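S.K.: Supplied in structure tokens, the structure appears directly below.
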Amino acid sequence: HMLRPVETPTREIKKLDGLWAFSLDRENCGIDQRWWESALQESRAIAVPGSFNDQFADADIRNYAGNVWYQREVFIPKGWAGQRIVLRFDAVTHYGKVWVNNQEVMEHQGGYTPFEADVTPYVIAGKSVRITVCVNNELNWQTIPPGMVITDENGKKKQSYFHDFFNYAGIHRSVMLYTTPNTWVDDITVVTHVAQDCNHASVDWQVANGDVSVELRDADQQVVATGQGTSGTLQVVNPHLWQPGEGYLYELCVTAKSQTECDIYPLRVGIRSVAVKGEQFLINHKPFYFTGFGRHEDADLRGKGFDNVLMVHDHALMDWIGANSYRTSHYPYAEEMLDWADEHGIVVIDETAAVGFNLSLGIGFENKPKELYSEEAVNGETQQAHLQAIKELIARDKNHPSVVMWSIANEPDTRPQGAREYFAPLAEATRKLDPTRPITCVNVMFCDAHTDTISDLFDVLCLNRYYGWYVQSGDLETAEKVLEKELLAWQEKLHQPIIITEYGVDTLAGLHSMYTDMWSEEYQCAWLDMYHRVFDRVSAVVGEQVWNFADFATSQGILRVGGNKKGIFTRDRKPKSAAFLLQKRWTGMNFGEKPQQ
Amino acid sequence: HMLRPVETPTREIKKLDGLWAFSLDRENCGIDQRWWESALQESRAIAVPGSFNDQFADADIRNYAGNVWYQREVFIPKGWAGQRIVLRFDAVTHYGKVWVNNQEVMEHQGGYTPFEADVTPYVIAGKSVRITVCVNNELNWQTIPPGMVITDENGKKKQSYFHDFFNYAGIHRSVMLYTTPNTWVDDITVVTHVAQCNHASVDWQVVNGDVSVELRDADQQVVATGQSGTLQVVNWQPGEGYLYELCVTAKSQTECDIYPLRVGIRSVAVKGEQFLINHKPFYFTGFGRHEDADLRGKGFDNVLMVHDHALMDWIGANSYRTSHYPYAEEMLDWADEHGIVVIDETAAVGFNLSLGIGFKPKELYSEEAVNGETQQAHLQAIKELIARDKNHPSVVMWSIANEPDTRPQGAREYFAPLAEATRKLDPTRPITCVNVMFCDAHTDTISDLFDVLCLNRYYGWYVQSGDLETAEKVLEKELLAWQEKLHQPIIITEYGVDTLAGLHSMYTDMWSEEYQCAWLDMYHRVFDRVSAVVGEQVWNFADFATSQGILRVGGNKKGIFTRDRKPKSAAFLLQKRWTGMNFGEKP
Ligand SMILES: CCCCCC[C@@H]1NC[C@@H](O)[C@H](O)[C@H]1C(=O)O
Ligand SMILES: CCCCCC[C@@H]1NC[C@@H](O)[C@H](O)[C@H]1C(=O)O
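First to last, the sequence lines map onto chains A and B.
If you count by the authors' numbering, then the first sequence holds residues 0 to 206, 208 to 366, 369 to 599, one letter each, in order.
If you count by the authors' numbering, then the second sequence holds residues 0 to 195, 197 to 207, 209 to 228, 231 to 238, 242 to 365, 370 to 597, one letter each, in order.
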């Protein structure tokens with residue numbers, strides 16, 4: 000049971016603020032020598048939140064595999080003698096184990112979701128405790144995402160993985176201590192139903209030794225509904241709906257009264273209905289059309305570290321270009337992202353970190371498990387770890403009205419028997435963990451309409467298609483034919499709504515061509531344009547998401563010229579020519595509505 | 000039998016004055032309708048020499064597969080009534096058929112060598128004859144280099160091939176008309192020997210005329226003289247490059263003809279781990295190159311040659327390999343005449359089906379692919395190279411092919427006749443065949459049919475990508491493995507990494523100028539530790555155009571220079587090494 004921290008009977012002191020002591024451990028003696036005991040040797044200042052790889056311009060820190068130590072002292076605020084205090088890590092990429100002054104208090108696997116522990120017994124209010132963090136950036140076959148650690152003859156660990164983006168690690172987001180009353184709200188769940196768009200209710204179901213009443217206050221803070229019951233309610237309402245263009249928010253505030261002290265938790269709600277009918281995706285009983293991007297949490301110097309200016313600027317760009325939706329590509333994003341999405345009515349495809357369950361999308365000319375689904379590779383523990391990743395993503399983003407669909411994985415290889423054996427239970431478990439949202443699994447190119455094995459276990463079909471790029475390279479005529487043929491094949495086979503969640507081409511900013519050859523800005527424009535002409539001719543396609551909003555870092559190889567260049571913007575957010583192409587189509591269309599051509 | 004035209008009793012008018020009428024033939028009725036009848040209509044100006052693909056900024060012309068039509072008139076000069084006059088094409092890339100006013104005067108297959116024909120019976124001096132050329136850019140398994148044409152559903156041709164560089168086509172070189180006296184020399188052959197202050201120069205000046214030969218100096222003052232066959236004693243070095251001149255007089259009583267031909271006195275041979283030029287241990291330094299440049303494609307251009315040679319001289323290169331095809335004959339005149347060491351190579355590239363991109371005949375040596383006809387065309391291509399560059403002193407080694415796959419059974423049947431035959435087509439030059447990375451020491455089948463073996467190695471790039479410590483270990487161990495395994499001299503004909511000009515990194519990540527620098531330095535330190543290898547040639551001198559794909563960012567970016575000839579940081583690195591060593595002597 001987890002909620003995002005906020006105010007009044009609750010209060011934060013964040014240690015996000017500032018520089019920590021940081022150290023490597025090339026021989027992994029930190030645990031043996033109990034480094035959490037003393038203040039570190041060999042410590043250098045590092046900034047949190049932020050990846051550790053790019054911060055020191057050193058290829059050895061950058062390419063490190065192992066454990067790293069983050070440590071900082073802090074003064075525990077003194078008006079906190081009688082309240083309950085928690086230590087919350089909003090993300091520690093891959094694995095983290097924390098000591099609060101010689102006392103292990105938490106441990107976590109999963110680099111993208113928050114994890115907290117009550118630390119009341121282990122701290123002296125009014126004085127300073129020392130926080131030590133042990134961070135592991137290693138991936139094996141039971142981590143979400145999977146990878147393999149390669150140890151050379153000399154014990155240097157080098158991490159290989161099967162996804163594009165670079166394996167940035169560290170404390171990527173918020174680290175804070177926050178206090179709730181000893182009687183406190185611990186979890187909230189809100190569900191919205193709507194009929195003729197002027198007439199429904201907000202079911203609730205709450206959970208910590210406190211009798212609870214909930215007021216549903218206005219944007220004007222005018223109250224229009226009231227309930228009581230730990231097992232919640234159905235507050236019935238005639239309302240203004242949370243819509244894609246505007247995203248209205250009521251405020252449902254839950255009051256947890258114990259007979260002495262009280263706690264109250266403010267939770268914003270968007271009144272909207274999501275469903276799939278035939279080949280139509282409907283938000284509030286109207287067929288929506290998705291436009292926008294796959295994104296990444298990547299940026300210069302800070303890696304995957306959260307940054308407010310970046311969020312403000314990237315939403316300004318996305319707003320300008322006319323995007324209405326995005327997918328949290330290949331891991332759960334910072335919650336600040338989803339909060340922004342709620343206030344602005346941005347439609348979001350929420351996705352777990354389950355990427356790389358595929359051993360066919362390689363560079364060439366170089369020792370893998372020859373069976374993807376097996377005891378050596380993706381096995382039962384992997385499945386359990388995956389289900390737990392689904393449970394953490396859902397427990398954190400269930401109430402967000404902007405999250406409109408759950409993505410279980412991205413681009414697994416579905417051809418082997420055992421893909422369906424691995425995925426079907428996860429598809430079912432996910433539906434039972436949130437029956438109010440449709441479910442998806444993003445589908446790779448070579449698992450075509452004929453060969454794919456699991457897409458009928460999901461509500462929406464999300465395709466990643468690169469005809470004319472990785473195959474039929476340079477050939478816009480042939481690729482157009484292939485793309486039309488496979489889209490009609492998919493619509494014939496499943497009669498589900500189709501979103502093209504990935505389509506894009508590597509483009510060097512400033513490379514121009516009078517031909518329309520690959521890597522050129524002219525080719526990025528003509529290729530996106532040919533895709534758009536096809537989408538507009540297939541009734542089932544309800545959504546387009548250009549593969550990347552910006553250029554991002556990847557591991558080194560012959561396929562990646564300083565990373566992935568499929569961005570519409572450069573890594574410093576400057577637009578390639580295709581940006582204006584996109585802006586013309588996406589602002590020239592009626593909002594949320596499929597282009598009539 | 001071939002040699003370059005010159006002017007003392009013979010005379011040229013080049014039709015290289017570029018603007019010819021040019022046209023495509025997209026429904027392939029040109030041969031049927033005999034377009035050579037009339038002047039081509041629906042015609043647009045084109046520049047000759049130059050590839051036709053890039054001249055028009057048109058992607059449909061650029062990617063065309065089929066026949067194209069080149070046509071121009073010329074006024075044959077009237078002081079040409081009694082001499083024999085020849086129509087000479089220095090190269091028509093892939094295939095060419097010429098009409099001189101309906102009389103189809105020639106044909107040629109093989110896009111990198113000249114072909115000439117006497118057109119006296121079909122020409123009237125003092126008026127203009129209509130020249131029509133049909134050039135085909137298509138490749139099959141029986142062509143040099145090999146390829147496959149696949150036709151899509153609508154009769155649209157796509158040409159696929161297996162070499163990196165782009166398949167540029169057209170009239171790439173000189174087109175000249177030249178007139179000789181009716182008793183004329185047709186071929187010359189010269190061989191030079193040298194001992195450890198003195199030696200001889202065989203000749204055989206195959207012509209209808211008696212023979213007298215003058216050996217005039219740079220002063221053109223005489224040093225030996227003969228009268231078919233000789234063997235003359237005397238009493242050409244890399245840094246300096248001296249050239250004597252033998253002048254051939256075909257003396258007839260009816261008329262006379264003379265030919266001036268330059269000669270270089272030097273000896274080349276190998277054994278142990280040593281390649282010796284005039285009995286001295288050489289070290290090759292320099293480049294794999296390409297005939298590629300903006301707008302003109304593979305078209306020859308004098309400014310380009312002057313500038314690129316300034317660059318190679320500055321950076322400290324003493325040698326280059328005519329990568330994947332025979333270069334401009336003018337290239338070799340410059341190299342003879344400037345003392346550049348040239349590793350000469352034919353167009354035998356793409357005999358390999360193993361490292362293409364990701365995302370075909372199932373056995374390379376067989377009738378479906380590499381067959382007996384391929385053997386013939388390959389032998390003929392080897393022999394045309396031999397006939398045109400036999401007299402050039404700058405050629406120091408002949409390359410029979412580049413980067414074939416040696417692992418399938420049958421490579422040694424295809425190859426053995428070509429190595430024996432080619433050694434038998436000139437014992438005065440050593441022979442090599444450049445072998446790919448994946449045919450390593452244990453796996454390669456044929457490295458012993460050649461005098462030197464030349465390695466193209468890219469460890470740290472295509473394998474162990476970015477892993478420069480590990481790549482170092484591999485390069486050292488398999489280099490020593492090769493030295494033990496054949497005890498031949500080794501030249502590294504290819505080593506380089508794609509480098510985007512202006513991409514810089516505080517790490518040393520691939521595609522960065524820092525990475526090119528660090529990678530080349532590691533390779534260089536590796537060679538300094540193997541007594542055996544006597545030659546280093548950084549893979550490409552300049553960035554060049556290739557066919558489109560996910561591996562090539564607007565072409566191959568392994569150049570030391572960009573395509574507009576601007577230096578990456580590694581350029582200076584190379585200059586330091588090649589200027590910092592004593593000439594021809596490796597650290
Ligand atoms: C042949 C299949 C190619 C799949 C390649 C498409 C990949 N999908 C997942 C994304 O994270 C990658 O960046 C994208 C790519 O490589 O740019
Ligand atoms: C595994 C790759 C094997 C090396 C192949 C490297 C290629 N040699 C032949 C040249 O024509 C190519 O330019 C070179 C390359 O990279 O552009």
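Beta carbons: idealized from backbone N, C-alpha and C, even for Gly.
Output the distance between the C-alpha atoms of residue 532 of chain A and residue 70 of chain B, rounded to the nearest integer angstrom.
M.R.: Rounded to the nearest angstrom, the two C-alpha atoms are 38 Å apart.
S.K.: Do you know whose CA, among A/90, A/585, A/552, lies nearest residue 573 of chain A's CA?
M.R.: Ranking the options by Cα distance to residue 573 of chain A, first place goes to A/552.
S.K.: For the region 39 to 67 of chain B, which residues have a CB atom closer than 7 Å to at least one CB atom of chain A, in sequence order?
M.R.: Of all residues in the region 39 to 67 of chain B, 56, 58, 61 have a Cβ within less than 7 Å of some Cβ in chain A.
S.K.: Using Cβ-Cβ distances below 8 Å, what residues of the region 513 to 533 of chain A are close to chain B?
M.R.: For the region 513 to 533 of chain A, which is checked against every Cβ of chain B, the residues closer than 8 Å are 513, 515, 516, 517, 518, 519, 520, 521, 522.
S.K.: Rounded to a whole number of angstroms, what is the C-alpha to C-alpha distance between residue 404 of chain B and residue 413 of chain A?
M.R.: Each residue's Cα considered, the two are about 56 Å apart.
S.K.: Considering only residues of the same chain and omitting the five flanking positions on each side of residue 54 of chain A, which have a CB-CB separation below 7 Å?
M.R.: If we look at residue 54 of chain A and ignore the five residues flanking it on each side, its Cβ neighbours are 45, 46, 301.
S.K.: Quick one: is residue 48 of chain A buried, meaning 16 or more other Cβ sit within 10 Å of its Cβ, or exposed?
M.R.: So residue 48 of chain A ends up on the buried side.
S.K.: List the residues that DSSP assigns as beta-bridge partners of residue 473 of chain A.
M.R.: BP columns for residue 473 of chain A point to A/469.
S.K.: Taking only the alpha-carbon atoms, compute the straight-line gap between residue 342 of chain A and residue 178 of chain A and give it to the nearest angstrom.
M.R.: Going by the C-alpha atoms only, they are around 25 Å apart.
S.K.: I'd like the ranges of any beta strand (DSSP E) spanning at least 3 consecutive residues and lying wholly in the region 538 to 576 of chain A.
M.R.: DSSP runs (the beta strand (DSSP E)) wholly in the region 538 to 576 of chain A: 543 to 552, 569 to 571.
S.K.: Is residue 360 of chain A close to chain B? Criterion is C-beta to C-beta, closer than 7 Å.
M.R.: By this cut-off, residue 360 of chain A is not an interface position.
S.K.: So, for residue 143 of chain A: in the same chain, excluding its five sequence neighbours on each side, which residues have a beta-carbon less than 7 Å away from its beta-carbon?
M.R.: Cβ neighbours of residue 143 of chain A beyond the five flanking positions: 109, 352, 353, 354, 387, 388, 391.
S.K.: Between the region 545 to 565 of chain A and chain B, which residues of the former have CB atoms less than 7 Å from a CB of the latter, in chain order?
M.R.: Result list: 558, 559, 560, 561, 563, 564.
S.K.: Return the Cβ separation of residue 350 of chain A and residue 282 of chain A in integer angstroms, given the expectation that the two are a contact with Cβ distance under 8 Å.
M.R.: Contact flag wrong, Cβ pair sits at about 18 Å.
S.K.: Scan the region 412 to 448 of chain A and note each continuous alpha helix (DSSP H) run of 4 residues or more that stays entirely inside, going in chain order.
M.R.: Whole alpha helix (DSSP H) segments, 4+ residues: 421 to 435.
S.K.: Classify residue 394 of chain B as helix, strand or coil using the three-state DSSP reduction.
M.R.: Residue 394 of chain B falls in the helix class under three-state DSSP.
S.K.: Compute the distance between the beta-carbons of residue 459 of chain B and residue 470 of chain B, then report whether it is under 7 Å.
M.R.: No.
S.K.: Any Cβ of chain A within less than 7 Å of the Cβ of residue 473 of chain B?
M.R.: At least one chain A Cβ lies under 7 Å of residue 473 of chain B.
S.K.: Thinking just about the alpha-carbon of each residue, which of B/513, B/535, B/430 is nearest to the one in residue 565 of chain A?
M.R.: It is B/513 whose Cα lies nearest to the Cα of residue 565 of chain A.
S.K.: With a CB to CB cut of under 7 Å and the five nearest residues on each side skipped, what residues in its chain are close to residue 213 of chain B?
M.R.: Same-chain partners within the cutoff: 228, 255, 257.
S.K.: Helix, strand or coil for residue 161 of chain B per DSSP?
M.R.: Three-state result, residue 161 of chain B: coil.
S.K.: So, residue 407 of chain B versus residue 440 of chain B, is the Cβ gap smaller than 7 Å?
M.R.: Yes. Within cutoff.
S.K.: Indicate, with yes or no, if ligand 1 has a heavy atom lying under 6 Å from the CB of residue 520 of chain A.
M.R.: Not under cutoff, so the answer is no.
S.K.: Verify the CB distance criterion: does residue 365 of chain B have a CB-CB separation below 7 Å to chain A?
M.R.: So, interface residue.
S.K.: Quick check for students: name the residue ranges of the alpha helix (DSSP H) that lie wholly in the region 51 to 102 of chain A, counting only runs of 4 or more.
M.R.: Entirely contained in the region 51 to 102 of chain A, the alpha helix (DSSP H) runs reaching 4 residues are, in chain order, 58 to 61.
S.K.: Could you check the C-alpha separation between residue 153 of chain A and residue 129 of chain A for me, to the nearest Å?
M.R.: Taking the straight line joining both Cα atoms gives about 35 Å.
S.K.: How about residue 250 of chain A and residue 269 of chain A: do their beta carbons lie closer than 7 Å?
M.R.: Yes, the Cβ-Cβ distance between residue 250 of chain A and residue 269 of chain A is below 7 Å.
S.K.: Output needed for residue 474 of chain B: all residues of its chain with C-beta closer than 6 Å, excluding positions within five of it in sequence on either side, in chain order.
M.R.: Correct list, in chain order: 480, 481.
S.K.: Considering residue 11 of chain A, what are the terminal residues of the alpha helix (DSSP H) in which it resides?
M.R.: First-last for residue 11 of chain A: 10 to 13, but that is the beta strand (DSSP E), not the alpha helix (DSSP H).
S.K.: Pick out whichever of A/140, A/59, A/34, A/312 has its Cα sitting closest to the Cα of residue 336 of chain A.
M.R.: It is A/312.
S.K.: Kindly identify the DSSP beta-bridge partner or partners of residue 115 of chain B.
M.R.: Looking at the DSSP assignment, residue 115 of chain B forms a beta bridge with B/87.
S.K.: Taking just the CA atoms, how far does residue 362 of chain A sit from residue 364 of chain B?
M.R.: One C-alpha to the other measures close to 8 Å.
S.K.: Please name the residue, chosen from A/560, A/526, A/97, that lies closest to residue 581 of chain A on a Cα-to-Cα basis.
M.R.: Among A/560, A/526, A/97, the Cα nearest to that of residue 581 of chain A is on A/526.
S.K.: Residues in the region 454 to 466 of chain A with C-beta within 7 Å of chain B's C-beta atoms, listed in sequence order?
M.R.: So nothing in the stretch comes that close.
S.K.: Let me see if you follow: with CB-CB separation under 7 Å, is residue 476 of chain A close to chain B or not?
M.R.: Yes, contact with chain B.
S.K.: Who are residue 190 of chain B's beta bridge partners in DSSP?
M.R.: For residue 190 of chain B, which the question treats as bridged, DSSP gives the partners B/202.
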